[PDB]
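**Q** Structure supplied as data.cif; contents: mmCIF, C-alpha atoms.
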data_structure
#
loop_
_atom_site.label_atom_id
_atom_site.label_comp_id
_atom_site.auth_asym_id
_atom_site.auth_seq_id
_atom_site.Cartn_x
_atom_site.Cartn_y
_atom_site.Cartn_z
CA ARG H 1 0.00 0.00 0.00
CA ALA H 2 1.12 3.58 -0.74
CA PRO H 3 1.77 5.44 2.55
CA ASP H 4 -0.71 8.03 3.87
CA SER H 5 1.92 10.75 3.63
CA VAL H 6 5.36 11.20 2.16
CA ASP H 7 7.48 14.33 2.07
CA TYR H 8 10.71 13.96 0.14
CA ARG H 9 12.12 17.14 1.67
CA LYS H 10 12.60 15.14 4.90
CA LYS H 11 14.53 12.45 3.03
CA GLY H 12 17.04 14.87 1.45
CA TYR H 13 15.81 14.41 -2.16
CA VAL H 14 14.95 18.04 -2.75
CA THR H 15 17.33 20.90 -3.48
CA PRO H 16 16.67 24.49 -2.26
CA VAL H 17 13.93 26.58 -3.84
CA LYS H 18 15.13 28.60 -6.87
CA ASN H 19 13.89 31.76 -8.64
CA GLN H 20 13.44 31.60 -12.38
CA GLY H 21 13.47 35.41 -12.34
CA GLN H 22 12.08 37.24 -15.37
CA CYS H 23 12.20 34.16 -17.56
CA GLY H 24 9.20 31.88 -18.07
CA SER H 25 11.34 28.79 -17.61
CA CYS H 26 9.18 26.98 -15.06
CA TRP H 27 9.28 23.82 -17.23
CA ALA H 28 13.08 23.84 -16.95
CA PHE H 29 13.03 24.13 -13.14
CA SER H 30 10.27 21.48 -12.76
CA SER H 31 12.33 19.18 -15.03
CA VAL H 32 15.66 19.54 -13.18
CA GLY H 33 13.79 19.08 -9.91
CA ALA H 34 12.54 15.66 -10.98
CA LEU H 35 16.03 14.78 -12.19
CA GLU H 36 17.56 15.89 -8.86
CA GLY H 37 15.25 13.54 -7.01
CA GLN H 38 16.21 10.62 -9.27
CA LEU H 39 19.94 11.45 -9.13
CA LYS H 40 19.75 11.44 -5.34
CA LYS H 41 17.86 8.15 -5.36
CA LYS H 42 20.40 6.45 -7.59
CA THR H 43 23.70 7.93 -6.39
CA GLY H 44 23.18 9.26 -2.88
CA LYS H 45 24.25 12.82 -3.72
CA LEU H 46 21.99 15.84 -3.78
CA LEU H 47 23.19 18.39 -6.32
CA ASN H 48 21.77 21.40 -8.24
CA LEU H 49 21.27 20.51 -11.91
CA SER H 50 21.15 23.12 -14.68
CA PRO H 51 17.86 24.66 -15.77
CA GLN H 52 19.86 27.04 -18.08
CA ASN H 53 21.28 24.02 -19.92
CA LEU H 54 17.67 23.15 -20.89
CA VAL H 55 16.50 26.69 -21.54
CA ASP H 56 19.41 27.24 -23.94
CA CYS H 57 19.36 23.79 -25.56
CA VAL H 58 15.85 22.33 -25.82
CA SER H 59 15.20 23.54 -29.35
CA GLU H 60 11.75 22.00 -29.20
CA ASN H 61 10.79 24.31 -26.33
CA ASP H 62 10.44 28.11 -26.19
CA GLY H 63 13.12 29.04 -23.69
CA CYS H 64 11.77 31.83 -21.52
CA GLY H 65 8.53 31.51 -23.41
CA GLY H 66 7.47 28.15 -21.99
CA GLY H 67 7.95 24.48 -22.79
CA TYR H 68 7.18 20.89 -21.85
CA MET H 69 8.96 18.78 -19.30
CA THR H 70 8.76 15.68 -21.57
CA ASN H 71 10.70 17.53 -24.26
CA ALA H 72 13.31 18.38 -21.65
CA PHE H 73 13.57 14.75 -20.53
CA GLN H 74 13.84 13.61 -24.17
CA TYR H 75 16.63 16.12 -24.72
CA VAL H 76 18.70 14.97 -21.72
CA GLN H 77 18.32 11.38 -22.90
CA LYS H 78 19.28 12.07 -26.52
CA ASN H 79 22.08 14.44 -25.45
CA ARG H 80 23.45 11.89 -22.99
CA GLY H 81 23.48 14.22 -20.02
CA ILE H 82 22.73 17.51 -18.33
CA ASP H 83 25.25 19.76 -16.61
CA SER H 84 25.25 20.93 -13.01
CA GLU H 85 24.20 24.45 -12.02
CA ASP H 86 27.87 25.05 -11.20
CA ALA H 87 29.07 24.20 -14.72
CA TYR H 88 26.16 25.97 -16.48
CA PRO H 89 24.74 28.72 -14.18
CA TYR H 90 21.31 30.19 -14.56
CA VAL H 91 21.22 33.64 -16.17
CA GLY H 92 17.50 34.01 -16.76
CA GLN H 93 17.50 34.74 -20.49
CA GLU H 94 18.04 32.53 -23.51
CA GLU H 95 21.50 32.26 -24.92
CA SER H 96 23.42 30.03 -27.22
CA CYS H 97 23.57 26.39 -26.24
CA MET H 98 27.05 26.14 -24.71
CA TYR H 99 29.05 22.91 -24.54
CA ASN H 100 31.06 22.27 -21.37
CA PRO H 101 33.39 19.33 -21.96
CA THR H 102 33.33 18.58 -18.24
CA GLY H 103 29.89 19.73 -17.11
CA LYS H 104 27.96 16.43 -17.28
CA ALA H 105 26.30 15.57 -13.98
CA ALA H 106 23.31 13.31 -14.65
CA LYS H 107 21.87 11.20 -17.42
CA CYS H 108 18.33 10.23 -18.23
CA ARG H 109 17.12 6.99 -19.79
CA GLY H 110 13.67 8.19 -20.69
CA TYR H 111 10.47 9.14 -18.90
CA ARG H 112 6.96 8.03 -18.02
CA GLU H 113 3.69 10.01 -18.05
CA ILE H 114 0.99 9.63 -15.41
CA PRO H 115 -2.38 8.85 -16.94
CA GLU H 116 -4.40 11.99 -17.51
CA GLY H 117 -6.41 13.22 -14.54
CA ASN H 118 -5.63 10.26 -12.31
CA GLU H 119 -4.69 11.56 -8.87
CA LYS H 120 -4.54 8.02 -7.44
CA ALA H 121 -1.97 7.10 -10.07
CA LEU H 122 -0.11 10.35 -9.32
CA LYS H 123 -0.08 9.45 -5.64
CA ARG H 124 1.50 6.09 -6.37
CA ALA H 125 4.17 7.45 -8.73
CA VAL H 126 5.11 9.91 -6.03
CA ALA H 127 5.33 7.24 -3.37
CA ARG H 128 7.34 4.78 -5.53
CA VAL H 129 9.46 7.07 -7.71
CA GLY H 130 10.03 10.29 -5.87
CA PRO H 131 9.34 13.92 -6.94
CA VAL H 132 7.20 14.23 -10.06
CA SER H 133 6.85 17.06 -12.60
CA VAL H 134 3.32 18.44 -12.96
CA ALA H 135 1.52 21.37 -14.60
CA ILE H 136 -1.36 23.41 -13.25
CA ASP H 137 -3.43 26.53 -13.81
CA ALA H 138 -1.59 29.19 -11.76
CA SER H 139 -3.54 32.13 -13.20
CA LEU H 140 -5.70 32.93 -10.19
CA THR H 141 -4.88 35.80 -7.85
CA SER H 142 -5.55 33.38 -5.02
CA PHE H 143 -2.68 31.18 -6.28
CA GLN H 144 -0.32 34.06 -7.00
CA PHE H 145 -0.83 35.45 -3.48
CA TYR H 146 -0.98 32.18 -1.56
CA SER H 147 0.72 32.18 1.84
CA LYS H 148 -0.65 29.23 3.84
CA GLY H 149 -3.12 26.37 4.25
CA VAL H 150 -4.29 23.88 1.67
CA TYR H 151 -4.99 25.77 -1.57
CA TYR H 152 -8.34 25.21 -3.30
CA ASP H 153 -10.20 27.63 -5.56
CA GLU H 154 -13.33 26.58 -7.41
CA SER H 155 -12.37 28.81 -10.36
CA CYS H 156 -9.22 26.93 -11.18
CA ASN H 157 -9.35 25.74 -14.76
CA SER H 158 -7.98 22.24 -15.13
CA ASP H 159 -7.81 22.78 -18.91
CA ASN H 160 -5.83 25.97 -18.61
CA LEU H 161 -2.31 24.63 -17.86
CA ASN H 162 0.14 27.55 -17.73
CA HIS H 163 2.76 26.79 -15.10
CA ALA H 164 5.10 23.92 -14.25
CA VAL H 165 5.95 22.91 -10.68
CA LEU H 166 7.17 19.85 -8.78
CA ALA H 167 5.21 17.52 -6.47
CA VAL H 168 7.60 16.43 -3.69
CA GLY H 169 5.10 14.72 -1.45
CA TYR H 170 1.53 14.50 -0.26
CA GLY H 171 -0.28 14.35 2.99
CA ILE H 172 -3.11 15.84 4.92
CA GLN H 173 -3.45 18.84 7.16
CA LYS H 174 -6.41 19.43 9.47
CA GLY H 175 -8.44 16.84 7.58
CA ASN H 176 -7.59 18.19 4.15
CA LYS H 177 -5.68 15.99 1.71
CA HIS H 178 -3.00 17.78 -0.23
CA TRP H 179 -0.03 17.69 -2.58
CA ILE H 180 3.23 19.33 -1.40
CA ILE H 181 4.32 21.61 -4.23
CA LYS H 182 7.74 23.19 -4.80
CA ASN H 183 7.57 26.36 -6.95
CA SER H 184 10.44 28.25 -8.63
CA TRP H 185 9.49 31.83 -7.78
CA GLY H 186 11.97 32.21 -4.91
CA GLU H 187 11.75 31.64 -1.17
CA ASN H 188 9.65 34.72 -0.58
CA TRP H 189 6.75 33.35 -2.58
CA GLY H 190 4.00 31.38 -0.86
CA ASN H 191 5.23 29.47 2.14
CA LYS H 192 9.03 29.58 1.76
CA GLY H 193 8.63 28.79 -1.92
CA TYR H 194 6.08 26.02 -1.43
CA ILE H 195 2.35 25.52 -1.63
CA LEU H 196 -0.03 22.78 -0.47
CA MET H 197 -2.67 22.12 -3.09
CA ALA H 198 -5.88 20.21 -2.53
CA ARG H 199 -5.63 16.53 -3.38
CA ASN H 200 -8.60 14.36 -4.43
CA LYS H 201 -10.84 17.34 -5.20
CA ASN H 202 -11.46 16.44 -8.79
CA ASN H 203 -8.07 17.24 -10.24
CA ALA H 204 -8.16 20.76 -8.85
CA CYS H 205 -6.12 23.12 -11.07
CA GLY H 206 -5.41 20.19 -13.39
CA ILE H 207 -2.71 18.82 -11.17
CA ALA H 208 -2.87 15.28 -12.58
CA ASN H 209 -3.24 16.35 -16.24
CA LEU H 210 0.39 16.61 -17.45
CA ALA H 211 2.49 14.73 -14.93
CA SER H 212 5.67 12.88 -15.76
CA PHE H 213 8.94 11.70 -14.26
CA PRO H 214 12.35 10.83 -15.74
CA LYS H 215 13.72 7.33 -15.80
CA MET H 216 17.27 6.99 -14.52
#
Translate the structure described by the file into structure tokens.
**A**
Amino acid sequence: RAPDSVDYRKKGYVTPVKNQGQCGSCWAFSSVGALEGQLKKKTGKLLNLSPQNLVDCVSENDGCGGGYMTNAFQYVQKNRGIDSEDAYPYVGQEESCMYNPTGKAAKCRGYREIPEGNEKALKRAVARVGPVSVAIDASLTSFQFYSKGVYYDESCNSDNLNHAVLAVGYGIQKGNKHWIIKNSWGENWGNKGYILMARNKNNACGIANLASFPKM
């Protein structure tokens, strides 16, 4: 059975919250976050991977204009690696795809997608795999200005996916089931960079609509 609660932050699988700045590269941060969880699970080391490497090199995505996590996972697999933040630092604007002969820090052997809208399946992938990349509707003022509690807003549009985040756990607080979400808007956003989003409330905000994790 999948446990009632799991929080990968307590297991050391999650790196510190980052700020994508003025670049709409959420998909790049969500993607490296899933890869950091898998790298930690396979090797024992926790290390910051490079979102800039993806922003600059995933030709199939739109850099600061948006992109898909699957495309990013495909790229790391085909390119046989992704550099560390240290070898390829984030600058928050698209640049030429640079090649660092010694920057390679992790590889990816593919990825899996969670079936559309299935929160139960998302719960199991989280419990068995680790952190998982997901997309949601983050357009509401109530999301943008969140600060605490379990987030739930009836106006969230599960068909309006416009932001990529990372699910690092799930649980329940004061009787409300939730997903623990790591954002990439800095530590001053939400609750130290995190948000709890209602779980099992009919795919609120489309949380189980475009979920995937890398295979390592």
**Q** How far is it from CA of residue 96 (chain H) to CA of residue 50 (chain H), in Å with one decimal?
**A**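 The value is 14.5 Å.
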**Q** If you count all atoms listed in the file, which residues fall within 12 Å of region 39-42 of chain H, apart from same-chain ones fewer than 2 positions away, as number ranges by chain?
**A** H: 8-9, 11-15, 32-37, 44-49, 81-82, 84, 105-109, 128-131, 214-216
**Q** If we count all atoms listed in the file, what is near region 52-66 of chain H at a cut-off of 12 Å, once residues fewer than 3 positions away on the same chain are taken out, given as a PyMOL selection string?
**A** chain H and resi 20-32+48-49+69-79+81-100+103-105+135+161-164
**Q** Output as AutoDock Vina command-line options the centre and edge lengths (Å, one decimal) of the box along x, y and z of the file that holds every listed atom of region 173-187 of chain H after adding 8 Å on each side.
**A**
--center_x 1.8 --center_y 24.1 --center_z 0.4 --size_x 36.4 --size_y 32.2 --size_z 34.1
**Q** Just the residues within 9 Å of residue 154 (chain H), please, counting only C-alpha atoms, with nothing from its chain fewer than 3 positions along; format it as a list in words.
**A**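 The filter keeps residues 157, 204 and 205 of chain H.
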**Q** Just give me the gap between CA of residue 175 (chain H) and CA of residue 155 (chain H) in Å, one decimal is fine.
**A**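 Between CA of residue 175 (chain H) and CA of residue 155 (chain H) the gap works out to 21.9 Å.
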**Q** Applying 9 Å and only C-alpha atoms, which residues near residue 186 (chain H) remain after dropping the ones on its own chain fewer than 4 positions away? List them as a ChimeraX atom specification.
**A** /H:17-21,190,192-193
**Q** Could you state the separation of CA of residue 176 (chain H) and CA of residue 198 (chain H) in Å, given to one decimal place?
**A**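 Separating CA of residue 176 (chain H) from CA of residue 198 (chain H) is a distance of 7.2 Å.
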**Q** Take the PyMOL selection byres ((chain H and resi 144) around 12), run it mentally on this structure, and tell me the resulting residues as a list in words.
**A** residues 137, 138, 139, 140, 141, 142, 143, 145, 146, 147, 148, 151, 153, 163, 183, 185, 188, 189, 190, 191, 193, 194 and 195 of chain H
**Q** Scan for residues within 12 Å of the point (-4.9, 16.5, 0.6) in the coordinates of the file, using only C-alpha atoms, and reply as a ChimeraX atom specification.
**A** /H:4-6,119-120,123,149-152,169-181,195-204
**Q** Give as a tab-separated table (two decimals) with C-alpha atoms, in the frame of the given file the residues that the PyMOL selection byres ((chain H and resi 166) around 6) matches when applied to the coordinates above.
**A**
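Output saved as expr20.tsv:
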chain	number	residue	atom	x	y	z
H	30	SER	CA	10.27	21.48	-12.76
H	132	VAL	CA	7.20	14.23	-10.06
H	133	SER	CA	6.85	17.06	-12.60
H	134	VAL	CA	3.32	18.44	-12.96
H	165	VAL	CA	5.95	22.91	-10.68
H	167	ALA	CA	5.21	17.52	-6.47
H	181	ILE	CA	4.32	21.61	-4.23
H	182	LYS	CA	7.74	23.19	-4.80
